[PDB]
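query-v1.cif follows; it contains mmCIF, C-alpha atoms.
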data_entry
loop_
_atom_site.label_atom_id
_atom_site.label_comp_id
_atom_site.auth_asym_id
_atom_site.auth_seq_id
_atom_site.Cartn_x
_atom_site.Cartn_y
_atom_site.Cartn_z
CA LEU A 158 40.80 -30.63 7.81
CA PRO A 159 37.62 -28.86 9.01
CA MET A 160 38.52 -25.99 11.35
CA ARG A 161 37.44 -25.12 14.96
CA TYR A 162 33.95 -26.01 16.17
CA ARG A 163 31.47 -23.18 15.78
CA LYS A 164 29.83 -21.33 18.69
CA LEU A 165 26.04 -21.50 19.22
CA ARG A 166 23.97 -18.54 18.00
CA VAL A 167 22.15 -16.85 20.94
CA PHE A 168 18.94 -14.99 21.95
CA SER A 169 17.69 -13.06 25.03
CA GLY A 170 14.11 -12.08 24.07
CA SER A 171 14.81 -8.68 25.71
CA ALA A 172 13.32 -5.38 24.52
CA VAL A 173 16.91 -4.29 23.63
CA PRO A 174 19.28 -7.22 22.92
CA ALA A 175 23.05 -7.27 23.02
CA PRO A 176 24.53 -6.60 19.53
CA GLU A 177 25.85 -10.20 19.31
CA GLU A 178 22.36 -11.80 19.51
CA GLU A 179 20.22 -12.96 16.57
CA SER A 180 16.65 -12.37 15.45
CA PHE A 181 14.17 -14.95 16.80
CA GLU A 182 13.75 -16.18 13.17
CA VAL A 183 17.45 -17.25 13.15
CA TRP A 184 17.75 -18.68 16.68
CA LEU A 185 14.66 -20.73 15.65
CA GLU A 186 16.70 -22.16 12.71
CA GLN A 187 19.40 -23.45 15.07
CA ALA A 188 16.67 -24.78 17.45
CA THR A 189 14.84 -26.51 14.53
CA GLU A 190 18.14 -28.14 13.44
CA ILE A 191 18.86 -29.41 17.03
CA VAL A 192 15.28 -30.77 17.28
CA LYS A 193 15.01 -32.47 13.83
CA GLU A 194 18.55 -33.49 12.78
CA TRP A 195 21.04 -34.13 15.66
CA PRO A 196 21.67 -37.84 16.56
CA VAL A 197 21.41 -37.24 20.34
CA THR A 198 19.59 -38.38 23.58
CA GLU A 199 16.60 -36.23 24.79
CA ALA A 200 18.21 -34.83 27.98
CA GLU A 201 21.31 -33.93 25.90
CA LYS A 202 19.13 -32.21 23.25
CA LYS A 203 17.41 -30.33 26.12
CA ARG A 204 20.80 -29.32 27.65
CA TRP A 205 22.03 -28.04 24.22
CA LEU A 206 18.71 -26.20 23.66
CA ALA A 207 18.86 -24.65 27.19
CA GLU A 208 22.58 -23.61 26.76
CA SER A 209 21.63 -21.21 23.88
CA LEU A 210 18.96 -19.20 25.87
CA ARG A 211 19.60 -15.97 27.89
CA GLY A 212 17.70 -12.87 29.15
CA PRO A 213 14.00 -13.37 29.93
CA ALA A 214 13.87 -16.21 27.34
CA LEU A 215 15.84 -18.63 29.56
CA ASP A 216 13.23 -18.16 32.37
CA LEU A 217 10.05 -19.36 30.51
CA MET A 218 11.47 -22.86 29.70
CA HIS A 219 11.29 -24.15 33.33
CA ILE A 220 7.69 -22.91 34.00
CA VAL A 221 6.32 -24.70 30.91
CA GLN A 222 7.90 -28.11 31.75
CA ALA A 223 6.78 -28.20 35.44
CA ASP A 224 3.09 -27.81 34.47
CA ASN A 225 3.25 -30.73 31.95
CA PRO A 226 5.90 -33.48 32.50
CA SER A 227 4.90 -35.37 29.26
CA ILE A 228 6.15 -32.40 27.08
CA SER A 229 8.36 -33.31 24.06
CA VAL A 230 10.91 -30.86 22.59
CA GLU A 231 8.57 -30.58 19.56
CA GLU A 232 5.78 -29.41 21.89
CA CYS A 233 7.95 -27.12 24.07
CA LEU A 234 9.07 -25.12 20.98
CA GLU A 235 5.39 -24.43 20.13
CA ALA A 236 4.94 -22.69 23.52
CA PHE A 237 8.20 -20.75 22.92
CA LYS A 238 6.91 -19.36 19.57
CA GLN A 239 3.68 -17.96 21.15
CA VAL A 240 5.54 -15.80 23.74
CA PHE A 241 8.57 -14.60 21.71
CA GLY A 242 7.46 -14.90 18.03
CA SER A 243 5.94 -12.16 15.84
CA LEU A 244 2.46 -10.86 15.00
CA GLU A 245 1.92 -8.40 12.11
CA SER A 246 -1.14 -7.42 10.04
CA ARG A 247 -1.30 -7.49 6.22
CA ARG A 248 -1.70 -3.67 6.28
CA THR A 249 1.42 -3.23 8.51
CA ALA A 250 3.57 -5.39 6.13
CA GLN A 251 2.42 -3.30 3.14
CA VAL A 252 2.83 0.14 4.82
CA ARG A 253 6.25 -0.76 6.31
CA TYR A 254 7.59 -1.65 2.84
CA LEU A 255 6.25 1.37 0.83
CA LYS A 256 7.55 3.96 3.42
CA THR A 257 11.30 2.99 2.93
CA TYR A 258 13.72 5.71 1.61
CA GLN A 259 17.52 6.07 1.13
CA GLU A 260 19.53 7.34 4.14
CA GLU A 261 22.28 10.00 4.52
CA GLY A 262 25.50 8.75 2.87
CA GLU A 263 24.08 5.28 2.06
CA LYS A 264 25.04 3.91 -1.39
CA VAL A 265 22.35 2.90 -3.96
CA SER A 266 23.52 -0.75 -4.05
CA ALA A 267 23.31 -0.85 -0.20
CA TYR A 268 19.76 0.55 -0.29
CA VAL A 269 18.55 -1.96 -2.97
CA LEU A 270 19.81 -4.89 -0.80
CA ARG A 271 18.21 -3.50 2.43
CA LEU A 272 14.87 -3.01 0.55
CA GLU A 273 14.79 -6.64 -0.76
CA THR A 274 14.39 -8.19 2.74
CA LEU A 275 11.15 -6.13 3.22
CA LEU A 276 9.69 -7.23 -0.18
CA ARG A 277 9.96 -10.94 0.80
CA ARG A 278 7.98 -10.49 4.09
CA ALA A 279 5.22 -8.56 2.25
CA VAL A 280 4.89 -11.41 -0.35
CA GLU A 281 4.78 -14.18 2.36
CA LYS A 282 1.97 -12.37 4.27
CA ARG A 283 -0.03 -12.06 0.90
CA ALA A 284 0.07 -8.25 0.94
CA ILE A 285 1.79 -8.14 -2.49
CA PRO A 286 0.97 -10.74 -5.23
CA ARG A 287 4.02 -12.85 -6.26
CA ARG A 288 2.90 -12.28 -9.91
CA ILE A 289 4.04 -8.58 -9.78
CA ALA A 290 7.00 -8.34 -7.30
CA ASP A 291 9.55 -7.49 -10.07
CA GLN A 292 7.45 -4.50 -11.24
CA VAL A 293 6.88 -3.33 -7.60
CA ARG A 294 10.67 -3.49 -6.96
CA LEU A 295 11.57 -1.12 -9.85
CA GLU A 296 8.77 1.37 -9.01
CA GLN A 297 9.99 1.58 -5.38
CA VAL A 298 13.68 2.10 -6.36
CA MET A 299 12.82 5.03 -8.66
CA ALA A 300 10.55 6.40 -5.89
CA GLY A 301 13.02 6.08 -3.00
CA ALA A 302 16.57 6.44 -4.33
CA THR A 303 18.64 9.56 -5.06
CA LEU A 304 19.72 8.57 -8.58
CA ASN A 305 22.38 10.47 -10.58
CA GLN A 306 21.17 11.34 -14.10
CA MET A 307 23.40 8.84 -15.98
CA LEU A 308 21.94 6.10 -13.78
CA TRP A 309 18.48 7.63 -14.41
CA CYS A 310 19.02 7.17 -18.21
CA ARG A 311 19.68 3.40 -17.75
CA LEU A 312 16.86 2.57 -15.29
CA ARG A 313 14.44 4.32 -17.70
CA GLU A 314 15.63 1.91 -20.40
CA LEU A 315 14.93 -1.13 -18.12
CA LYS A 316 11.40 0.25 -17.43
CA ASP A 317 10.60 0.10 -21.19
CA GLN A 318 12.91 -2.66 -22.66
CA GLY A 319 10.52 -5.58 -22.25
CA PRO A 320 10.03 -7.39 -18.93
CA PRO A 321 11.23 -5.88 -15.62
CA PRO A 322 14.67 -6.99 -14.32
CA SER A 323 15.43 -9.65 -11.70
CA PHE A 324 17.23 -8.79 -8.42
CA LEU A 325 20.76 -9.73 -9.60
CA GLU A 326 20.25 -8.06 -13.03
CA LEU A 327 19.19 -4.75 -11.39
CA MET A 328 22.08 -5.08 -8.88
CA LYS A 329 24.62 -5.48 -11.74
CA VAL A 330 23.37 -2.36 -13.64
CA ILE A 331 23.57 -0.29 -10.39
CA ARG A 332 27.15 -1.50 -9.54
CA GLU A 333 28.51 -0.52 -13.02
CA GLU A 334 27.37 3.10 -12.34
CA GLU A 335 28.58 3.47 -8.72
CA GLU A 336 32.37 3.49 -9.56
CA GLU A 337 34.45 6.74 -9.66
CA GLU A 338 37.73 7.79 -11.37
CA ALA A 339 40.73 8.99 -9.29
CA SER A 340 42.69 12.27 -9.31
CA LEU B 158 -44.97 21.38 -13.59
CA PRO B 159 -41.17 20.97 -13.94
CA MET B 160 -39.40 24.06 -12.56
CA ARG B 161 -36.82 26.50 -14.10
CA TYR B 162 -34.29 25.25 -16.65
CA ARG B 163 -30.98 24.26 -15.11
CA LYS B 164 -27.69 26.08 -15.72
CA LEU B 165 -24.77 24.32 -17.46
CA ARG B 166 -21.99 22.95 -15.25
CA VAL B 167 -18.63 24.65 -16.07
CA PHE B 168 -14.83 24.10 -16.25
CA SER B 169 -11.73 26.31 -16.75
CA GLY B 170 -8.84 23.78 -16.76
CA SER B 171 -6.86 26.33 -14.67
CA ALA B 172 -4.31 25.40 -12.00
CA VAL B 173 -6.68 27.01 -9.44
CA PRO B 174 -10.35 27.05 -10.53
CA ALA B 175 -13.16 29.24 -9.29
CA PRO B 176 -15.11 27.51 -6.46
CA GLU B 177 -18.21 27.17 -8.71
CA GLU B 178 -16.45 24.93 -11.30
CA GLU B 179 -16.55 21.12 -11.47
CA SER B 180 -13.94 18.38 -11.70
CA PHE B 181 -13.08 17.38 -15.28
CA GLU B 182 -14.74 13.98 -14.54
CA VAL B 183 -18.11 15.79 -14.06
CA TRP B 184 -17.90 18.36 -16.88
CA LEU B 185 -17.11 15.28 -19.05
CA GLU B 186 -20.48 13.77 -17.96
CA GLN B 187 -22.39 16.80 -19.22
CA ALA B 188 -20.27 16.79 -22.44
CA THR B 189 -20.91 13.03 -22.96
CA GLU B 190 -24.67 13.62 -22.51
CA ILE B 191 -24.66 16.52 -25.09
CA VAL B 192 -22.68 14.34 -27.55
CA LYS B 193 -24.65 11.05 -27.22
CA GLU B 194 -28.24 11.97 -26.23
CA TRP B 195 -29.45 15.47 -27.32
CA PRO B 196 -31.69 15.59 -30.47
CA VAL B 197 -29.81 18.56 -32.01
CA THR B 198 -27.96 19.78 -35.20
CA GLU B 199 -24.09 19.59 -35.19
CA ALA B 200 -23.38 23.36 -35.15
CA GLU B 201 -25.91 23.71 -32.29
CA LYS B 202 -24.25 20.83 -30.35
CA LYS B 203 -20.89 22.60 -30.95
CA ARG B 204 -22.31 25.97 -29.74
CA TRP B 205 -23.71 24.30 -26.56
CA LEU B 206 -20.40 22.46 -26.00
CA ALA B 207 -18.38 25.71 -26.53
CA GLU B 208 -20.72 27.73 -24.18
CA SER B 209 -19.68 25.55 -21.17
CA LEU B 210 -15.85 26.12 -21.55
CA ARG B 211 -13.78 28.89 -19.81
CA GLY B 212 -10.17 29.60 -18.70
CA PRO B 213 -7.42 27.99 -20.79
CA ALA B 214 -9.84 25.16 -21.75
CA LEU B 215 -11.89 27.40 -24.08
CA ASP B 216 -8.69 28.24 -26.07
CA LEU B 217 -7.65 24.68 -27.18
CA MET B 218 -10.98 23.96 -29.01
CA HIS B 219 -10.29 26.37 -31.94
CA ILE B 220 -6.67 25.19 -32.58
CA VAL B 221 -7.75 21.52 -32.89
CA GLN B 222 -10.56 22.21 -35.43
CA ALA B 223 -8.47 24.44 -37.78
CA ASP B 224 -5.84 21.70 -38.29
CA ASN B 225 -8.50 19.06 -39.24
CA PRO B 226 -11.84 20.29 -40.74
CA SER B 227 -13.30 16.71 -40.92
CA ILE B 228 -13.33 16.46 -37.04
CA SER B 229 -16.56 15.11 -35.44
CA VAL B 230 -17.59 16.02 -31.86
CA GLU B 231 -16.76 12.39 -30.93
CA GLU B 232 -13.20 12.94 -32.18
CA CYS B 233 -12.75 16.46 -30.73
CA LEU B 234 -13.55 15.18 -27.19
CA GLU B 235 -10.71 12.61 -27.52
CA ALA B 236 -8.19 15.45 -28.04
CA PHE B 237 -9.74 17.32 -25.06
CA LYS B 238 -9.18 14.33 -22.71
CA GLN B 239 -5.42 14.09 -23.57
CA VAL B 240 -4.67 17.72 -22.53
CA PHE B 241 -6.97 18.15 -19.49
CA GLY B 242 -7.61 14.56 -18.24
CA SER B 243 -5.70 12.69 -15.51
CA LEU B 244 -2.67 10.39 -15.29
CA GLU B 245 -1.90 8.45 -12.08
CA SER B 246 0.21 5.34 -11.34
CA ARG B 247 -1.06 2.24 -9.50
CA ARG B 248 1.41 3.04 -6.68
CA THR B 249 0.12 6.66 -6.37
CA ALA B 250 -3.54 5.46 -6.09
CA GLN B 251 -2.56 2.99 -3.33
CA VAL B 252 -0.32 5.42 -1.34
CA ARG B 253 -2.86 8.30 -1.60
CA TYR B 254 -5.58 6.10 -0.06
CA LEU B 255 -3.58 4.54 2.86
CA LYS B 256 -2.18 7.97 4.03
CA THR B 257 -5.69 9.46 4.85
CA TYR B 258 -6.43 10.48 8.51
CA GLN B 259 -9.23 12.34 10.37
CA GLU B 260 -8.94 16.16 10.55
CA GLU B 261 -9.35 18.69 13.42
CA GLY B 262 -13.05 18.90 14.41
CA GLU B 263 -14.23 16.58 11.61
CA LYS B 264 -16.94 14.07 12.63
CA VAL B 265 -16.42 10.27 12.20
CA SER B 266 -19.39 9.93 9.78
CA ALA B 267 -17.93 12.80 7.68
CA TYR B 268 -14.52 11.09 7.57
CA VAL B 269 -15.99 7.66 6.53
CA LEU B 270 -17.81 9.32 3.58
CA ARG B 271 -14.69 11.31 2.45
CA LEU B 272 -12.58 8.07 2.61
CA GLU B 273 -15.04 6.07 0.40
CA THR B 274 -14.39 8.19 -2.73
CA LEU B 275 -10.64 7.27 -2.51
CA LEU B 276 -11.37 3.50 -2.15
CA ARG B 277 -13.33 3.47 -5.47
CA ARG B 278 -10.43 5.05 -7.49
CA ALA B 279 -7.93 2.53 -6.01
CA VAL B 280 -10.22 -0.42 -7.04
CA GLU B 281 -10.74 0.94 -10.64
CA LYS B 282 -6.95 1.31 -11.18
CA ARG B 283 -6.47 -2.38 -9.93
CA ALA B 284 -4.39 -1.32 -6.92
CA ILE B 285 -6.81 -3.01 -4.48
CA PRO B 286 -8.63 -6.29 -5.41
CA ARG B 287 -12.47 -5.91 -5.47
CA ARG B 288 -12.60 -9.26 -3.55
CA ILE B 289 -11.32 -7.57 -0.32
CA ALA B 290 -12.51 -3.89 -0.34
CA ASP B 291 -14.90 -4.41 2.64
CA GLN B 292 -12.06 -5.75 4.84
CA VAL B 293 -9.70 -2.92 3.69
CA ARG B 294 -12.38 -0.32 4.58
CA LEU B 295 -12.73 -1.47 8.23
CA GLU B 296 -8.94 -1.76 8.77
CA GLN B 297 -8.45 1.83 7.51
CA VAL B 298 -11.26 3.29 9.72
CA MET B 299 -9.77 1.74 12.90
CA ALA B 300 -6.33 2.98 11.76
CA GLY B 301 -7.33 6.56 10.90
CA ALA B 302 -10.24 7.61 13.11
CA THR B 303 -10.28 9.01 16.67
CA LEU B 304 -12.88 6.61 18.07
CA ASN B 305 -14.50 7.02 21.52
CA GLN B 306 -14.35 3.80 23.57
CA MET B 307 -18.09 2.95 23.35
CA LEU B 308 -17.77 3.15 19.56
CA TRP B 309 -14.55 1.09 19.87
CA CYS B 310 -16.56 -1.70 21.63
CA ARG B 311 -19.02 -1.93 18.67
CA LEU B 312 -16.51 -1.80 15.77
CA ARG B 313 -14.57 -4.62 17.51
CA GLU B 314 -17.77 -6.68 17.42
CA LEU B 315 -18.17 -6.06 13.63
CA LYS B 316 -14.52 -7.16 13.11
CA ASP B 317 -15.33 -10.60 14.63
CA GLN B 318 -19.13 -11.15 14.02
CA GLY B 319 -18.85 -12.93 10.68
CA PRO B 320 -18.34 -11.06 7.40
CA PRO B 321 -17.21 -7.40 7.32
CA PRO B 322 -19.94 -4.72 7.00
CA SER B 323 -21.09 -2.91 3.85
CA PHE B 324 -20.78 0.89 3.48
CA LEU B 325 -24.36 1.72 4.59
CA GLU B 326 -24.25 -0.82 7.48
CA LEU B 327 -21.01 0.70 8.87
CA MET B 328 -22.47 4.22 8.35
CA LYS B 329 -25.60 3.31 10.38
CA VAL B 330 -23.57 1.91 13.35
CA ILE B 331 -21.40 5.10 13.40
CA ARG B 332 -24.46 7.48 13.28
CA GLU B 333 -26.15 5.77 16.30
CA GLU B 334 -23.01 6.59 18.39
CA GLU B 335 -22.43 10.20 17.26
CA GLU B 336 -25.53 11.69 19.05
CA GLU B 337 -25.29 13.62 22.38
CA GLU B 338 -27.74 14.40 25.24
CA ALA B 339 -28.56 18.03 26.18
CA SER B 340 -28.17 19.96 29.45
#

Encoding of this model in structure tokens:
Amino acid sequence: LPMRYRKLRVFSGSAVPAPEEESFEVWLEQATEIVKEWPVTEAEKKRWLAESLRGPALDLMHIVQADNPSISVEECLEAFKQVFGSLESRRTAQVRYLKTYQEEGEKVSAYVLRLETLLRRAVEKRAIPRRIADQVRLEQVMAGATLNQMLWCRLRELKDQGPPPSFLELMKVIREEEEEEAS
Amino acid sequence: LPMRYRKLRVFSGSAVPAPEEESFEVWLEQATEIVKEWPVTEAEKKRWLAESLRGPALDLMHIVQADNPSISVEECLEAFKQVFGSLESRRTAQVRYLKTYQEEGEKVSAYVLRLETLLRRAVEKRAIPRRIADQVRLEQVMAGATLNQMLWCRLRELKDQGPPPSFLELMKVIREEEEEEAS
């Protein structure tokens, strides 16, 4: 049998959130689900929507409704996106990707996962053409990582051995090299 | 009457040249002229070509000829390009442009000229699409320059007033703002 009901994800909109809160992009997934999918009455949608909000973000929702009583939940979410959503230039998406380097004590397979989230944003905002993202991924790994020289021998084969690797192919080759023998 | 004959441009190939020498890209203009245009005999071409070389660069020319006596001047310049020419990735052209900021005591019209040489290299090497170079120029000037706020008011009109400006249009608007009144 399906286990315990799952708690709502949550969001404050604060300049420094609590470590249990989500990104706006993820709270907006839960909110889009509640709006589009749930078989529920409007005031019960609105009480489930309201129950997820904290911080400053809870405080906007009342102001917007009082000034327009005809507001649907589909319209109220459009006001919520303007105040708490995100604005970022093409140049900022591009510069924020290319500046990313491996940290102290971070593993190479941890770095290559962290770096892949930034490459998707830069391809959405048309900063990088989708035609060349697999070449741009390999060039940035060899630029930013602290590769051991047996790993260096393999990545230099992938650079030359036909087309550039996919994400899961590159991630496999890295994992085979990360393992150490005990003493 | 046309004035005194003009001295040959010159090139050493050294890791630090004398301040009178040119870039390889400019010595190669003079060499391409001598090869393609001058109405001269081969050994006299080769003595004019040789007379322009110094440093290490003078020393290669003999080695290459001894190993292949059939070598034309058109073929000998192809060997010269391999040893002294330039190699640069797409990613290095892009990163070397976007990192460029105004210096201590440099004027804004001096900065916008210095920055335009780097934008041409990045469009040759296909790092930046030629379709968008006029937008990319204005975004980098507002990022890198130390604009006074009356200049800031005008560049923010150009950003919104239809298409982005050309090089000489932007250079005119900057020059009108740089001038000061005496006391």

Report chain A as a short mmCIF file (atom, residue, chain, number, x, y, z; two decimals) with C-alpha atoms, in the frame of the given file in the frame of chain B, after least-squares superposition over all C-alpha atoms paired in order.
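As written to disk, result_28.cif reads:
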data_model
loop_
_atom_site.label_atom_id
_atom_site.label_comp_id
_atom_site.auth_asym_id
_atom_site.auth_seq_id
_atom_site.Cartn_x
_atom_site.Cartn_y
_atom_site.Cartn_z
CA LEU A 158 -44.97 21.38 -13.59
CA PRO A 159 -41.17 20.97 -13.94
CA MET A 160 -39.39 24.05 -12.56
CA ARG A 161 -36.82 26.49 -14.10
CA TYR A 162 -34.30 25.24 -16.65
CA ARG A 163 -30.98 24.26 -15.11
CA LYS A 164 -27.69 26.08 -15.72
CA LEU A 165 -24.77 24.32 -17.46
CA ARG A 166 -21.99 22.94 -15.25
CA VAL A 167 -18.64 24.65 -16.06
CA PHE A 168 -14.83 24.11 -16.25
CA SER A 169 -11.72 26.31 -16.75
CA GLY A 170 -8.84 23.78 -16.76
CA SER A 171 -6.86 26.33 -14.68
CA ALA A 172 -4.31 25.40 -12.01
CA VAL A 173 -6.68 27.01 -9.43
CA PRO A 174 -10.35 27.04 -10.53
CA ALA A 175 -13.16 29.24 -9.29
CA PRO A 176 -15.12 27.51 -6.46
CA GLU A 177 -18.21 27.16 -8.71
CA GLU A 178 -16.44 24.94 -11.30
CA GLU A 179 -16.54 21.13 -11.47
CA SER A 180 -13.94 18.38 -11.69
CA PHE A 181 -13.08 17.38 -15.28
CA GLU A 182 -14.74 13.98 -14.54
CA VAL A 183 -18.11 15.78 -14.07
CA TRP A 184 -17.90 18.36 -16.88
CA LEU A 185 -17.11 15.28 -19.06
CA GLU A 186 -20.48 13.76 -17.96
CA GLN A 187 -22.39 16.81 -19.22
CA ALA A 188 -20.27 16.79 -22.44
CA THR A 189 -20.91 13.03 -22.96
CA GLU A 190 -24.68 13.62 -22.51
CA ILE A 191 -24.66 16.52 -25.09
CA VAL A 192 -22.67 14.35 -27.54
CA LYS A 193 -24.65 11.05 -27.22
CA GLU A 194 -28.24 11.97 -26.23
CA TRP A 195 -29.44 15.47 -27.32
CA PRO A 196 -31.69 15.59 -30.47
CA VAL A 197 -29.82 18.56 -32.01
CA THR A 198 -27.96 19.78 -35.20
CA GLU A 199 -24.09 19.59 -35.19
CA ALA A 200 -23.37 23.36 -35.15
CA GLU A 201 -25.91 23.71 -32.29
CA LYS A 202 -24.25 20.84 -30.36
CA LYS A 203 -20.89 22.60 -30.95
CA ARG A 204 -22.31 25.97 -29.74
CA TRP A 205 -23.71 24.30 -26.56
CA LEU A 206 -20.40 22.46 -26.00
CA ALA A 207 -18.38 25.71 -26.53
CA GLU A 208 -20.72 27.74 -24.18
CA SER A 209 -19.67 25.55 -21.17
CA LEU A 210 -15.84 26.12 -21.55
CA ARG A 211 -13.78 28.89 -19.82
CA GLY A 212 -10.17 29.59 -18.70
CA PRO A 213 -7.42 27.99 -20.79
CA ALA A 214 -9.84 25.16 -21.75
CA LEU A 215 -11.89 27.39 -24.08
CA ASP A 216 -8.69 28.24 -26.07
CA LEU A 217 -7.65 24.68 -27.18
CA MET A 218 -10.98 23.95 -29.01
CA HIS A 219 -10.29 26.37 -31.94
CA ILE A 220 -6.67 25.18 -32.58
CA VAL A 221 -7.75 21.52 -32.89
CA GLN A 222 -10.56 22.21 -35.44
CA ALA A 223 -8.47 24.44 -37.79
CA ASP A 224 -5.84 21.70 -38.29
CA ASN A 225 -8.50 19.07 -39.24
CA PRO A 226 -11.84 20.29 -40.74
CA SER A 227 -13.30 16.70 -40.93
CA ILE A 228 -13.33 16.46 -37.04
CA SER A 229 -16.56 15.11 -35.44
CA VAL A 230 -17.59 16.02 -31.87
CA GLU A 231 -16.76 12.39 -30.93
CA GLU A 232 -13.20 12.94 -32.18
CA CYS A 233 -12.75 16.46 -30.73
CA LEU A 234 -13.55 15.18 -27.19
CA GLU A 235 -10.71 12.61 -27.52
CA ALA A 236 -8.20 15.46 -28.04
CA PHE A 237 -9.74 17.33 -25.06
CA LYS A 238 -9.18 14.32 -22.72
CA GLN A 239 -5.42 14.09 -23.57
CA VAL A 240 -4.67 17.73 -22.53
CA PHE A 241 -6.97 18.16 -19.49
CA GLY A 242 -7.61 14.56 -18.24
CA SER A 243 -5.70 12.69 -15.51
CA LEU A 244 -2.67 10.39 -15.29
CA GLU A 245 -1.90 8.45 -12.08
CA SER A 246 0.21 5.34 -11.34
CA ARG A 247 -1.06 2.24 -9.50
CA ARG A 248 1.41 3.03 -6.68
CA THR A 249 0.12 6.66 -6.37
CA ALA A 250 -3.54 5.46 -6.09
CA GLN A 251 -2.56 2.99 -3.33
CA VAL A 252 -0.32 5.42 -1.34
CA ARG A 253 -2.86 8.29 -1.60
CA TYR A 254 -5.58 6.10 -0.06
CA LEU A 255 -3.59 4.54 2.86
CA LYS A 256 -2.18 7.97 4.03
CA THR A 257 -5.70 9.45 4.85
CA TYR A 258 -6.43 10.48 8.51
CA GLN A 259 -9.23 12.34 10.38
CA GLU A 260 -8.95 16.16 10.55
CA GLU A 261 -9.36 18.70 13.42
CA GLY A 262 -13.05 18.90 14.41
CA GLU A 263 -14.24 16.58 11.60
CA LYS A 264 -16.95 14.06 12.63
CA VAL A 265 -16.42 10.27 12.19
CA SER A 266 -19.39 9.93 9.79
CA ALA A 267 -17.93 12.81 7.67
CA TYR A 268 -14.52 11.09 7.56
CA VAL A 269 -15.98 7.66 6.53
CA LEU A 270 -17.81 9.33 3.57
CA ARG A 271 -14.69 11.31 2.45
CA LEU A 272 -12.59 8.07 2.62
CA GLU A 273 -15.04 6.07 0.41
CA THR A 274 -14.39 8.20 -2.73
CA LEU A 275 -10.64 7.27 -2.51
CA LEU A 276 -11.37 3.50 -2.15
CA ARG A 277 -13.32 3.47 -5.47
CA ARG A 278 -10.43 5.05 -7.49
CA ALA A 279 -7.93 2.54 -6.01
CA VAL A 280 -10.22 -0.42 -7.04
CA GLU A 281 -10.74 0.94 -10.63
CA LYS A 282 -6.95 1.31 -11.18
CA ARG A 283 -6.47 -2.38 -9.93
CA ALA A 284 -4.38 -1.32 -6.92
CA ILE A 285 -6.81 -3.01 -4.48
CA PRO A 286 -8.64 -6.29 -5.41
CA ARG A 287 -12.47 -5.91 -5.47
CA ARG A 288 -12.60 -9.26 -3.55
CA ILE A 289 -11.31 -7.57 -0.32
CA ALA A 290 -12.51 -3.89 -0.35
CA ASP A 291 -14.91 -4.41 2.63
CA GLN A 292 -12.07 -5.75 4.83
CA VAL A 293 -9.69 -2.92 3.70
CA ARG A 294 -12.38 -0.31 4.58
CA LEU A 295 -12.74 -1.47 8.23
CA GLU A 296 -8.94 -1.76 8.77
CA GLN A 297 -8.45 1.83 7.51
CA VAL A 298 -11.26 3.28 9.73
CA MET A 299 -9.77 1.74 12.89
CA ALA A 300 -6.33 2.98 11.75
CA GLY A 301 -7.33 6.56 10.90
CA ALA A 302 -10.24 7.62 13.12
CA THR A 303 -10.28 9.01 16.67
CA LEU A 304 -12.89 6.61 18.07
CA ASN A 305 -14.50 7.03 21.52
CA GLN A 306 -14.35 3.80 23.56
CA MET A 307 -18.09 2.95 23.35
CA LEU A 308 -17.77 3.15 19.56
CA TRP A 309 -14.55 1.09 19.86
CA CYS A 310 -16.56 -1.70 21.63
CA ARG A 311 -19.02 -1.93 18.67
CA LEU A 312 -16.51 -1.81 15.77
CA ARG A 313 -14.57 -4.62 17.52
CA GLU A 314 -17.78 -6.68 17.42
CA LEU A 315 -18.17 -6.06 13.63
CA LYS A 316 -14.51 -7.16 13.11
CA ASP A 317 -15.33 -10.60 14.63
CA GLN A 318 -19.13 -11.15 14.03
CA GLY A 319 -18.85 -12.93 10.68
CA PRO A 320 -18.34 -11.06 7.40
CA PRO A 321 -17.21 -7.40 7.32
CA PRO A 322 -19.94 -4.72 7.00
CA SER A 323 -21.09 -2.91 3.85
CA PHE A 324 -20.78 0.90 3.49
CA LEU A 325 -24.36 1.72 4.60
CA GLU A 326 -24.25 -0.83 7.48
CA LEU A 327 -21.01 0.70 8.86
CA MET A 328 -22.47 4.22 8.34
CA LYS A 329 -25.60 3.31 10.39
CA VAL A 330 -23.57 1.91 13.36
CA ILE A 331 -21.40 5.10 13.40
CA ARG A 332 -24.46 7.48 13.28
CA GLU A 333 -26.14 5.77 16.30
CA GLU A 334 -23.01 6.58 18.39
CA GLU A 335 -22.42 10.20 17.27
CA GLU A 336 -25.53 11.69 19.05
CA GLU A 337 -25.28 13.62 22.38
CA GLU A 338 -27.74 14.40 25.24
CA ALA A 339 -28.56 18.03 26.18
CA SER A 340 -28.18 19.96 29.46
#

Residue nearest residue A:289 among A:322, A:331, A:336, A:310 (counting all atoms listed in the file):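 With all atoms listed in the file as the atom set, the closest residue is A:322.
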
Shell of 9 Å around residue B:308, all atoms listed in the file, local chain residues under 5 positions omitted, as a ChimeraX atom specification: /B:313,330-331,334-335

Contact set, chain B to chain A: 12 Å, all atoms listed in the file, as number ranges by chain: B: 246-249, 251-256, 284-286, 289, 292-297, 299-300

Polymer residues at most 12 Å from stretch 190-204 of chain B, all atoms listed in the file, same-chain spacing of 3 or more positions, as a ChimeraX atom specification: /B:165,183-187,207-210,215,218-219,222,228-234

Distance of atom CA of residue A:180 from atom CA of residue A:161, expressed in Å to one decimal place: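 Atom-to-atom, atom CA of residue A:161 and atom CA of residue A:180 are spaced 24.4 Å apart.
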